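Working notes, beginning with the structure itself.
Positions of Cβ are backbone-derived with ideal geometry, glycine not excepted, and every protein chain shown enters the neighbour counts. Taken together, the values in this text are just the output of simple stated rules run on the coordinates, not laboratory data.
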Amino acid sequence: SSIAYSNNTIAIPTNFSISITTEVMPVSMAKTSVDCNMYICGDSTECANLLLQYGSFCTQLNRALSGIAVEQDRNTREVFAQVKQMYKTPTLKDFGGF
Amino acid sequence: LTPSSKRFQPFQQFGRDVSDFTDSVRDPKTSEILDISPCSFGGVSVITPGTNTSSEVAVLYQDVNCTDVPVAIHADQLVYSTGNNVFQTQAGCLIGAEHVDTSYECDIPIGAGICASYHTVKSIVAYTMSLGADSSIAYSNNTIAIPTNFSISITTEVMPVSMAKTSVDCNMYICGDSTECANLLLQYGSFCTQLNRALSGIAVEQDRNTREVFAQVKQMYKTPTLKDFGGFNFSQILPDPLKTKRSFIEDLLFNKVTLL
Amino acid sequence: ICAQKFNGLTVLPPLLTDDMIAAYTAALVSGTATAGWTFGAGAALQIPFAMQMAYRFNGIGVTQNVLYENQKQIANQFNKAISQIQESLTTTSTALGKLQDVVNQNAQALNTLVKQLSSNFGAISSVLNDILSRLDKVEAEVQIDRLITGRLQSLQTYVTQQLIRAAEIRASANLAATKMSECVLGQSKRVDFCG
Amino acid sequence: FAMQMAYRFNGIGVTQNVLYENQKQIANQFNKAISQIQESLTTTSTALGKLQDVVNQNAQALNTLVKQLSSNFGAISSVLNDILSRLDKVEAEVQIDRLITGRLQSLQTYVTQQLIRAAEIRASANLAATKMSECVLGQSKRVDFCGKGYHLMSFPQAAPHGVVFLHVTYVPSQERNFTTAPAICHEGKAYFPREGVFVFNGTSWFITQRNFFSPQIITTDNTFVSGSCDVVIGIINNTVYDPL
């Protein structure tokens, strides 16, 4: 672009336009949940007994997943639930030509 | 085991899926294809108002269409399975909770816009969530509402600023005091050295967080002796000289939070 | 999805259904159209839309006579821009590329987790049934341990990736909440924040 | 302080005469709100639910880490003493390796979770620093950033592992309906208001602020002319008093 600098000249607009732009923002992600035995073992009693010996690994995994899910619910609620009143939709939807 | 329509090759004896799960098998004596599914079936969730309050609970089956998928070969029914007080929640069947048309705030979320709570009637009640207080707004082309009075509202905002600084030891944790275990651990490299580096970074970051949040004034302005400024009583939020260095609200806040 | 269901992998439905979010957005738009910026700062005070737009023009250093003299042009530009965005959205486009990206990311993560079962992790086989039907208990312990360690590592990797993705999505959601507070419920003086 | 609050009122579109005339009411409301928050804090409340939440999170993480030692991780036992006293060196190497790998994995999981939590806490701390800069050391024009309503000032307070901000806000109330006009036609030219809006109490047309009903006579200093009366819709005929 060519920009000319002047010590005694200014450019001022004489008209204007209305521009509507879109901005897309992710707000939440899918809430997932997993099972200790059905994934690690399935339906095997012996595998379940063996897995018990590892302690509280999958318990903490479940805790993390639950935290993620409740966080997603909170994300959506805080982004959207910002009006305390559910204003009624007007039947007349033209407001001074808009 | 259940009958299946799966197409098996002439010689095939069993078949599995992408996750190497044997979802089909051939009967060696009758040569009929049988599908086999797990027993857990996934997704049972329990809704409890707290053992301290009551021992009554409700059961949500995530994707059942209110049927007996949890094969009924157990005494009792698992609270019940396909009883009378059944509600068909979007993506779920809920049993043990009473459905009420009136909608309230959410207490125990279930999903699909359905929440449950321990209301009195005392039992577990499920309902649809309440979005907000319905309001009537009148639009006029030649009228406006202007306020004629005002009020002063003081609101609180709590913000975590730092977390506890933790440090760990390589041998004291992994091994303890065993020389042989320490020698064996040396062969694993520099794992715990990098763990210590990460923990030190976290601790220094916490110190920096607190300092940057609070250390924004280069001058420690003196606390005024007169704590009334044109009728504004600041004595509740400023330290009391007689006491110790904290203000009353600060003392309340420290007391509120409980800090093998 | 059937394999995910048979391996304990499930998706919980969101708390707010699409209808409730649509109701929230309709309420917000109605409040903006009727009460203007005021409904976000306390009580909702009605104002004719022309006067609200005159105040919004004043907010950007333009006297209100401009709007009262060019109302027809401004309304026509508003409507034409709305129709343009409508058509832009309806013509196959990547406008919603972030949302589809997060959906695809979640689907791919679940698919990778479920497909990780096929790996035998250096054991005799990746299936417990054949290990238990071929090798006796004492010898089978080693194979079972190998498979359990591998599958636990897969679960931990999935959980860590989900945690980091959730942190990123929380950052985006906080930005969206701030944008709703500052652009929708009021007029924003920050440059390039609200468009 | 009176003049400081007068400037803060001016900052939200309210003339300073409002404060100088209602100083007693504003001070009383300030004190009543402070007492209300005091009593709110003293009554068992979840006000500090985030701070206690982070404390509980750290405690639970440490407890899980320490309890992870009881797991034998598929080895002969979870204790090194009995393994070393029962099995000779070469054979015991397998058990030692099993336990060491398990405990290293537990430590790595704990450290990764701590790193993610530290990132979240850093985000919160940066937000708190921005709030201190913009709400406490100044007046914020951002909506809902420094409390619901129109921001006047803020006061910080310490708390275990966090900061509590007391945001003072001006919320209008006691609404009144009025009939208004975009402009006023006078001698064939349209007068627009320099600030505020025209209103009609039922007797005559006045000019007032948007944020407070302070009716004032329509003059030439608070109104400016532009164009004619045939180009704006809603213009209503009336006279504009001239101080001369």
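Name the residue that is farthest from the other protein chains (Cβ to nearest Cβ), counting only residues in segment A:48-66 that are in contact with a helix residue (DSSP H, G or I) (Cβ under 9 Å, 6 or more places away or on another chain), closer than 17 Å to D:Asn56 by Cβ and of a type in the set (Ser, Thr, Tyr). Only one residue fits best here, namely A:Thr59. Among what's in segment B:187-220 and is closer than 23 Å to D:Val164 by Cα and not in a helix (DSSP H, G or I), pick the residue that is farthest from the other protein chains (Cβ to nearest Cβ). Ranking the qualifying residues of segment B:187-220, first place goes to B:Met220.
Within segment B:20-38, can one find any residue that is touching an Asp or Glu at 6+ places or on another chain (Cβ under 8 Å), more than 22 Å from B:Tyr127 (Cβ to Cβ) and among the acidic types (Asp, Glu)? Yes, because at least one residue in segment B:20-38 is touching an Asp or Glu at 6+ places or on another chain (Cβ under 8 Å), more than 22 Å from B:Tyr127 (Cβ to Cβ) and among the acidic types (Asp, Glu).
Scanning segment B:115-130 for residues that are in contact with a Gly (Cβ under 8 Å, 6 or more places away or on another chain) and within 14 Å of chain C (Cβ to nearest Cβ) yields a count of 2.
How many residues does segment D:128-155 contain that are part of a helix (DSSP H, G or I) and surrounded by fewer than 17 Cβ atoms within 10 Å (Cβ to Cβ)? Reasoning before the result, please.
Step one: of segment D:128-155, the residues part of a helix (DSSP H, G or I) are D:128-136.
So of that shortlist, the ones also surrounded by fewer than 17 Cβ atoms within 10 Å (Cβ to Cβ) come out as D:130, D:133.
Matching residues across segment D:128-155 total 2.
Selection of segment A:62-94 for residues being among the basic types (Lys, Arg) and more than 25 Å from A:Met25 (Cβ to Cβ) yields A:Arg63, A:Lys88, A:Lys93. State all residues of segment B:206-260 that are over 42 Å from the mean Cα position of the chain (by Cα) and of a type in the set (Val, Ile, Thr); if no residue qualifies, say none. Across segment B:206-260, the qualifying residues are B:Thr223, B:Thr225. Scanning segment C:160-170 for residues that are within 19 Å of the chain's Cα centre (by Cα) and either at the interface with chain A (Cβ under 10 Å from one of its Cβ atoms) or part of a loop (DSSP other than H, G, I, E, B) (or both) returns C:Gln162, C:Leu163, C:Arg165, C:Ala166, C:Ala167, C:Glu168, C:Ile169, C:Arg170. Checking the structure you have, find out if any residue of segment C:131-151 is at the interface with another protein chain (Cβ under 10 Å from one of its Cβ atoms), within 22 Å of B:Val18 (Cβ to Cβ), in contact with a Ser or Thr (Cβ under 7 Å, 6 or more places away or on another chain) and surrounded by fewer than 16 Cβ atoms within 10 Å (Cβ to Cβ). Looking for residues that are at the interface with another protein chain (Cβ under 10 Å from one of its Cβ atoms), within 22 Å of B:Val18 (Cβ to Cβ), in contact with a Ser or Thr (Cβ under 7 Å, 6 or more places away or on another chain) and surrounded by fewer than 16 Cβ atoms within 10 Å (Cβ to Cβ), one finds none in segment C:131-151, hence no.
Considering only segment D:43-54, I want to know if a residue exists there that is surrounded by 13 or more Cβ atoms within 10 Å (Cβ to Cβ) and more than 22 Å from the chain's Cα centre (by Cα). No.
Candidates in segment D:170-204 are the residues that are in a loop (DSSP other than H, G, I, E, B) and within 13 Å of chain B (Cβ to nearest Cβ); of these, the one that is farthest from C:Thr63 (Cα to Cα) is D:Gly202. When segment D:60-98 is filtered for residues that are away from chain A (no Cβ under 14 Å), of a type in the set (A, V, I, L, M, F, W, C), assigned to a helix (DSSP H, G or I) and surrounded by fewer than 18 Cβ atoms within 10 Å (Cβ to Cβ), the ones remaining, listed by number, are D:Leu84, D:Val90, D:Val94. Only one entry in D:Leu244, D:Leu166 is hydrophobic (A, V, I, L, M, F, W, C) and more than 8 Å from chain B (Cβ to nearest Cβ), namely D:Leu244. The residues of segment D:228-244 that are over 16 Å from D:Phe206 (Cβ atoms) and part of a strand (DSSP E or B) amount to a single one, D:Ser228. Taken over segment B:27-60, the residue count meeting the criterion of being part of a strand (DSSP E or B) and crowded, with 17+ Cβ neighbours inside 10 Å is 5.
With respect to the conditions (1) more than 8 Å from chain D (Cβ to nearest Cβ); (2) in contact with a helix residue (DSSP H, G or I) (Cβ under 8 Å, 6 or more places away or on another chain); (3) of a type outside the set (D, E, K, R); (4) within 30 Å of A:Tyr54 (Cα to Cα), C:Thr157 falls short on a single one, namely (2).
Among the residues of segment D:19-59, those that are aliphatic (A, V, I, L, M) and at the interface with another protein chain (Cβ under 8 Å from one of its Cβ atoms) comprise D:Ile26, D:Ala27, D:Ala33, D:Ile34, D:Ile37, D:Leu41, D:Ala47, D:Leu48, D:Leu51, D:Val54, D:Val55.
With respect to the conditions (1) part of a strand (DSSP E or B); (2) under 21 Å from the mean Cα position of the chain (by Cα), B:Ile146 falls short on a single one, namely (2). Give segment B:162-196 a look and list any residue that's surrounded by 14 or more Cβ atoms within 10 Å (Cβ to Cβ) and β-branched (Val, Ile, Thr), or say none. Hits for segment B:162-196 are B:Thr166, B:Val168, B:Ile174. Taking every residue in segment B:129-157 that is under 30 Å from B:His99 (Cα atoms) and pairing it with any residue that is of a type in the set (S, T, N, Q), at least 6 positions away or on another chain, the pairs with Cβ-Cβ distances below 8 Å are B:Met129/B:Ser103; B:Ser130/B:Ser103; B:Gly132/A:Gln85; B:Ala133/A:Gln85; B:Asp134/A:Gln85; B:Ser135/A:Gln85. Residues considered: B:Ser140, B:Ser135, B:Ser103. Of these, the only one that is touching a strand residue (DSSP E or B) at 6+ places or on another chain (Cβ under 8 Å), within 14 Å of chain D (Cβ to nearest Cβ), among the small types (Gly, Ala, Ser) and within 23 Å of C:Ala44 (Cβ to Cβ) is B:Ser135.
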